[PDB]
Amino acid sequence: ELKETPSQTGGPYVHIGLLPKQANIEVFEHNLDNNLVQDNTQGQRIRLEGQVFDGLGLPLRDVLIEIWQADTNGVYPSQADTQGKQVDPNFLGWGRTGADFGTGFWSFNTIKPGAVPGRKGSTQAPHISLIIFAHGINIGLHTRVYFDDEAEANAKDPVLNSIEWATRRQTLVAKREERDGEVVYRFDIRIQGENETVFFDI
Amino acid sequence: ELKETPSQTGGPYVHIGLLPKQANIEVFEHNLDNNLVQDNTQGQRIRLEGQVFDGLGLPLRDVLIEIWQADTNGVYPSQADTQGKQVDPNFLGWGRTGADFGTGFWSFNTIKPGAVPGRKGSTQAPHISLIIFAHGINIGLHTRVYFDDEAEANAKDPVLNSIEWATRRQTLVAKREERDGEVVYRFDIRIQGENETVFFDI
Amino acid sequence: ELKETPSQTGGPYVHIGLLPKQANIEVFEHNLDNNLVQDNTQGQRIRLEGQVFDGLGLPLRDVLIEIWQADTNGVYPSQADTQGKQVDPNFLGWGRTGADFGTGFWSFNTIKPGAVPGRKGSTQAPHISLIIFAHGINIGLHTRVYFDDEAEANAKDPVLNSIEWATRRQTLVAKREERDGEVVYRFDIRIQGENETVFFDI
Amino acid sequence: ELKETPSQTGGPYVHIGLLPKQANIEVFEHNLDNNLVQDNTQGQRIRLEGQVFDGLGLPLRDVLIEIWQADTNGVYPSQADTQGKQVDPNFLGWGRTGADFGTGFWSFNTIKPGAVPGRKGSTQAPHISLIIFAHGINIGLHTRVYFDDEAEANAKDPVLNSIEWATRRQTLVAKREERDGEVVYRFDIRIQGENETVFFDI
Amino acid sequence: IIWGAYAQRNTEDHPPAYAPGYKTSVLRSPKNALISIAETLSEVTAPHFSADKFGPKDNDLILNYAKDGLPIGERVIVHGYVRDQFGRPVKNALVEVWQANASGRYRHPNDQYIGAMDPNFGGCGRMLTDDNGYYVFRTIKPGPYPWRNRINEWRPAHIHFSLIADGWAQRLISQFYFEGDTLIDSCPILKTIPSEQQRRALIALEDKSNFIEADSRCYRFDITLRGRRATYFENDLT
Amino acid sequence: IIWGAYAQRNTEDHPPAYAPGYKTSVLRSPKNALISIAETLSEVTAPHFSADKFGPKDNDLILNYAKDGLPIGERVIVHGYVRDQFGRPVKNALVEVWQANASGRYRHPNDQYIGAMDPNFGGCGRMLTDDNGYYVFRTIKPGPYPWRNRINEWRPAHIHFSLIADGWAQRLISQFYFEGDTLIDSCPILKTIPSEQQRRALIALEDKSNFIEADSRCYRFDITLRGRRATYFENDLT
Amino acid sequence: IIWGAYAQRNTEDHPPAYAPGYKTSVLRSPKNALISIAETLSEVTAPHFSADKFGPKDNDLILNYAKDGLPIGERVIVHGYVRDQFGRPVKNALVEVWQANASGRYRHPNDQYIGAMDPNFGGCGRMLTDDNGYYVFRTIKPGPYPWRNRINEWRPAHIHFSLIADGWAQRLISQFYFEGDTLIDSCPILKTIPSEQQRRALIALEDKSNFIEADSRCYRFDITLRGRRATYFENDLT
Amino acid sequence: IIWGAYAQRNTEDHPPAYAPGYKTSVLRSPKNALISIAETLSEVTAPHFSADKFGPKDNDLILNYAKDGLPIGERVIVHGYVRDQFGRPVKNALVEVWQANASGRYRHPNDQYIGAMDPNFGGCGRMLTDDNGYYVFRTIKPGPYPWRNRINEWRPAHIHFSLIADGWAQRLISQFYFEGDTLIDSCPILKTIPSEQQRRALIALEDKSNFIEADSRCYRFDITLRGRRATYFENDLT
Ligand SMILES: [Fe+3]
Ligand SMILES: [Fe+3]
Ligand SMILES: [Fe+3]
Ligand SMILES: [Fe+3]
Ligand SMILES: [O-]
Ligand SMILES: [O-]
Ligand SMILES: [O-]
Ligand SMILES: [O-]
């Protein structure tokens, strides 16, 4: 049996090396980005945005963020999805983004995910899986984003209920806002300190 | 010379394994509990109660607590007490309790202890010695409970004066309250963080 | 190259663990037993029976015995049979049995096997291969059963002639008897001592 | 923990070194012998005699034999006897003898022992414990002598029933004979071979 | 490929028949040497057992005899590969196992040890290896138990196993033990095996990455059977 | 002999409070250093427990909760000596133990592991050491069990124990393990102890000459408490 | 084959979050322990990237940004296999790399090191592993470079890499180094890894028989991802 | 303290019955295995011998048979302790010894070796151990002697000894040898013992500080007997 290759920080240029187009390095014709909505994609369009803060409250501007999620019906566009339901064919389910250099805000244009089966017949509340890499972060940090307008589903979520501190559960709930007809979920991530965001070993 | 056997946490069921009667495991006829007052015990009856909090402020419900104290005249019911004074014969001086599962409160019914000699002719203020065991606590934590109505004696206590931070001394002083003729001393224990309770290596 | 996993005795319960149905452990729907004759099986039906004796002449009651043999035409119901002849399709060729606890007798209901080719164009006399496992037997003991009514074929058998002691050859010949129309071959096995049965390293 | 000192044969002169008086070495005033009956000893007097044979049937003339037994009521004259019954005070319970040089016969004058408690409330049939030492015997051989006139008690004896070969049980039963009013039990010991006497690891 | 005979069994890799420290072997071992024979079709063939005949719980000793509840004891999965000495997988071989329960008690009136019986444990299982020679079963870890060899003898925990594969010459019954059991060093039965490396070949190893969280541990145990040699010149088998 | 204080506890011989690999310790460990004090009568005295109060089966976990039958599992006796660091026996100390059953299940609704409950096993015992510091109890060997630290964490088999002896400063709770258990090498709780020699001090050893034939195995386990120093010059305690 | 969850990540095989010698980690590491969860479909699935989307020079950092000429520096090919912990190849995984140029300079205004920029070097590449888990790219060997941790800190030459494979739980970003670089022994970032054997796992080895004469050297570097366990009893994933 | 049975004799620590290099054992060893039994009162009791019966010279082989003068040979004192396997002293046990004289000749017509008889040496002694398990006797060092096993066989110098102690199960006869005797390495009788450490257990050691000036040398030799286990639960003996 082999040991997993050891993780190392993405380093100071992880958000440039994995999103070259945006750093003006035009090496690739097709580039990966933070927009998961293609024209025929199904579901309600939402914008997910926020900032990532260090231990003193300073937003990180060198962070690289990726999200992984299910489609509108809660099916993953992955061969490992065993639900036997057909997935939306115009949905990748993944995206990558960095923080704006001036502001420090990151964002994704996506679709609100449908509920996905949990273990042993349970149902998980809608969620998006999120990972953060940056200079100073030795191993990618995993977290999940849940939605404040799904309070009923959130109260029965297996993973949220896994957390004994009711007070830490709230750090995983994004806030819904309506900017000119567009739906936006604000999710700030605090890596360390007061209201530190819950991170998982998955 | 031998090394002391190394400590290990009491683990998640320490408050069930050491107080079986209360977890409905009726293996013993005579069971140890949190009531130190027998009918002919001398001194003023008091109730000692509080909660134990982790680093986020959550009360622990799996904690096991024991106290050790002197009788009303400040004599310990122990063969190692060398004062040559007779001890109250209807007093064990020790008790054990867990936290209520719902509320998180622990308590003892006991007697307010008398002053006990300190080293080199000094006199210690009245105190009860207390130890805490729980899942996550690798070695039992020792502390003492002093009484806010003994301010004069507390100001001359050898041990309290051993602590240079006047501000930490206060964490060892319980507050007197009078619930329907009963005297109660409230003593909350904060294992970590703001107003962290002082613990001793005895 | 690997070494063969080392043998160990079947131990005291080998005849219970490999024939659970008979020890009243009803874990399996289909159970293996000592009856090799199915209704459409071809050949003459015979009963093979005997006792297994230790070095003092005591029959073993904890023995487990299996036999392996060819069908009526001398073809094995095995993919490794290379004769290119079709085998009887209602014949397994194998069976397993223990000794009766009171009596110590073991038995099989089977068919008298046909002659099977020997090495380099020779022909072997009809025989059944038999293996014995028991507490005290470190490695299964292999032997063969030949028939006293096949004296002509037995005199030309390659394996029997491999044994230089004419007197030991006889220990491998079972005696034919006719119990009410049924044909029975009595074959007693003596593990050690006078008239010790010949065992082979195959 | 220590290992038991390893046994070694008594060697060719064990029956001379442990019974000097009889080999005419008059070093001791009080000598140990094969007569366990003192004048006030209680119980029926019996003579126990026999020969010890090697593997070819030759009696050994250099053997040393000791016996250990209970008194007439089945109580041992030993501080380790926990029956709480008083033992016959004129009984040692032990004796030692060699074989006559010419004849090869050994003997003891003793009392027929009473039944002794067995484990977990059982009752053992009357028996005498016997040990044999000699040149060629690396470790003293332990056996027991039972009596043919105690067939009823023998059939329920825990130790005799421990032996699975009914045929070996008989080697431990001595034969009663009446030589001119004297009762004699003949017990021959066969160290090796046909009708080999059962020996125990006690 | 034309197959010839199975390679000779290496008697130095197995226990001898007569092993005085295992007392029951004294009267149950032949005094004559085994007679070695050149193989024929009788020795290189064996029976075939069809998958249809097996039930779904045949390899699950935890559930295959469970009546009112689950058996008491340590939940463990045991898996591994059966291959021949030349490293080829052994496909569709019948693997049968039997064992005591968690107290070290066998489910039979003969066993009168005071260790308690478990009404929900049977202690027998079976399965066929797959095309890769793989097998897997689930059970309760057996407890060690006393037996009368010397008066205070104790068997280490063990699971008895039996294999019927492609050739009758491969027929093998043995027992495997669990990594770290201290009784392994004192057992007269295990010590009948002459070499230390072969004694180690019967020890199943803790397979920690294969434990199933909040459920069962897992032990890995591979088995090696005699292998056949290929023939490229004269085929004397027949 | 006039007794002085207990020798200082050697913090390097114990686990530290904050041990990040044991996740629950992160929020349950003080950020401030412990404040060391010079001892007084409060620290050198302790309570006395009378033998009258104990029942006859208090140290027999096999029978003390047996209702319709015996508990299922491996019968074992555990014995040893409790002495102080200067080698003096610790007399009449209260030793309390608690443990899971053979499946690794604790007798409490909180524990929802699938390992089966045993209706005839309670899992708590106690006893007083004798004049030689000796103690002995009988029980069923506990099975290892899963817990959530990292998702697939498993505790080696262990028995929790607690001692109240002559001085409050001796108060100690810990856990002992069984010789050869392979989980001992991977446990984050046992690894909070800094040195290998101290980790070995919690392993009970197989005591083969003390096994009881056809009945129970036995493990030997000694315990060492802090010891008092004698005073020959000024007695400052009071 | 029904797949279950990925084996637990072995935290002792990775750097801890808080590593004081790597100063930037001090304010960017959680004070709370990670919360371990049992896996669900969310953790065992991942996206698929189609080969159509890749250009022909995506894995050729020598030519993919070459304008008027070739980049300056040592021509090297790096190849190897990506497999999971149970040794199975990882097929069609997206491997992305990024690095400095030969002077140790990254192509971004943020980097103001005096090492010179190369107008013909971009420093980003990507590829999909094949059915055997194989990958191969060509590049210019990056030069080491200074950074402010302690004032005179220097990174050994390294290529950053990222893998997205079959399950989200396998997601991994790391960096590999070149055999014999002396800076490897002094790097605080590489030293966040606790064991020497794991530090060696990030060193790409000179592969001399695979050098291309009069053209390029070659380094071999294999990568291991977490592996999935197969389920043979209850499938709890769903 | 309620006593239970004696610990099982460890057959690997003793010679086997059949030992072909000691020719006389061939026809005087059982072919069947010994039958082990659970102990009863018969095996745990033994006789008591009163001190009154012993003469004052019973343990002085130098003077107990001296007629007209002293025996010829090396004057030596042999002393030591008899204890059980758990280290407890064995009190009031009967220790009997016998030996050849200085020429290697036994005082019996059977012995016809040419080594000369000594009219003032008998060669038998006895004593009871004291409360500490101590014993001491004085004698003439025996000389080695020839015997017919192979034609030129020679026994090292030795003193035969016998112990009857508290339980019949402890009954033991053996022989001890003298430090440095070169014949110890070639003796077929001593070599019947399987292990080197047990062979060393029969060698009496020179005890130089205990020599008596201008008088006698001294050898130290301790003896270990089987020990009894204490019972704390069911007492099955009766
Ligand atoms: Fe078994
Ligand atoms: Fe526990
Ligand atoms: Fe870099
Ligand atoms: Fe001699
Ligand atoms: O970097
Ligand atoms: O626990
Ligand atoms: O067995
Ligand atoms: O001798």
Side-chain angles (χ1 to χ4, degrees), chain B residues 8-18 62 64 133-136, chain C residues 8-14 16-17 135, chain D residues 8-14 16-17 62 135, chain E residues 97-101 104-108 110-111 113 123 142-147 154-161 173-177 187 189-190, chain F residues 24 97-100 104-106 108 110-111 113 123 142 144-147 155-161 173-175 187 189, chain H residues 97-101 104-108 110-111 113 123 142-147 154-161 173-177 187 189-190:
Chain B
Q8 295 277 74
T9 178
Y13 311 95
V14 58
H15 57 121
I16 289 158
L18 292 180
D62 52 2
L64 177 99
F133 304 98
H135 176 44
Chain C
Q8 295 277 74
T9 178
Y13 311 95
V14 58
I16 289 158
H135 176 44
Chain D
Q8 295 277 74
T9 178
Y13 311 95
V14 58
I16 289 158
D62 52 2
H135 176 44
Chain E
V97 298
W98 70 102
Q99 61 167 90
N101 67 189
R105 184 80 172 282
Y106 282 92
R107 175 180 274 293
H108 188 80
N110 283 159
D111 185 353
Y113 175 47
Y145 57 81
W147 63 298
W154 286 76
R155 293 308 319 291
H158 59 277
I159 282 175
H160 294 271
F161 69 96
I173 278 184
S174 186
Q175 311 175 22
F176 66 83
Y177 304 93
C187 184
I189 289 177
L190 182 51
Chain F
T24 305
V97 298
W98 70 102
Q99 61 167 90
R105 184 80 172 282
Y106 282 92
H108 188 80
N110 283 159
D111 185 353
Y113 175 47
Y145 57 81
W147 63 298
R155 293 308 319 291
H158 59 277
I159 282 175
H160 294 271
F161 69 96
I173 278 184
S174 186
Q175 311 175 22
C187 184
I189 289 177
Chain H
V97 298
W98 70 102
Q99 61 167 90
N101 67 189
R105 184 80 172 282
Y106 282 92
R107 175 180 274 293
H108 188 80
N110 283 159
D111 185 353
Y113 175 47
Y145 57 81
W147 63 298
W154 286 76
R155 293 308 319 291
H158 59 277
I159 282 175
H160 294 271
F161 69 96
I173 278 184
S174 186
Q175 311 175 22
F176 66 83
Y177 304 93
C187 184
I189 289 177
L190 182 51

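So that the names make sense, note that chain A is the first sequence line, chain B the second, and so on, each numbered from 1. Any value given below was found using the heavy atoms of this structure, including those in side chains, with hydrogens, waters and symmetry copies removed. Indexing begins at 1, ligand by ligand and atom by atom, following the structure's order.
C:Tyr13 meets the ring-ring contact (aromatic ring centres under 6.0 Å, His included) test with E:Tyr106; sequence neighbours excluded. Scored by the side-chain contact (heavy atoms from CB on, under 4.5 Å) test, E:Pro156 finds E:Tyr177, E:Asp181, E:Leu183, E:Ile184, E:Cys187 as partners (sequence neighbours excluded). Applying the side-chain contact (heavy atoms from CB on, under 4.5 Å) criterion to B:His15, with sequence neighbours excluded, gives B:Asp62, B:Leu64, B:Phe101.
Using a 4.5 Å heavy-atom cutoff, the side chains of H:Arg107 and H:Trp98 are not in contact.
Separating the NE2 atom in E:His160 from the CD1 atom in E:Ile173 is a distance of 10.0 Å, to the nearest 0.5 Å. For the atom pair CZ (H:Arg155) and CD (H:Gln175), the distance works out to 4.5 Å, reported to the nearest 0.5 Å.
Under 2.8 Å from the Fe ion (ligand 4), one finds the following protein N/O/S atoms: H:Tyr106 OH, H:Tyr145 OH, H:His158 NE2, H:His160 NE2.
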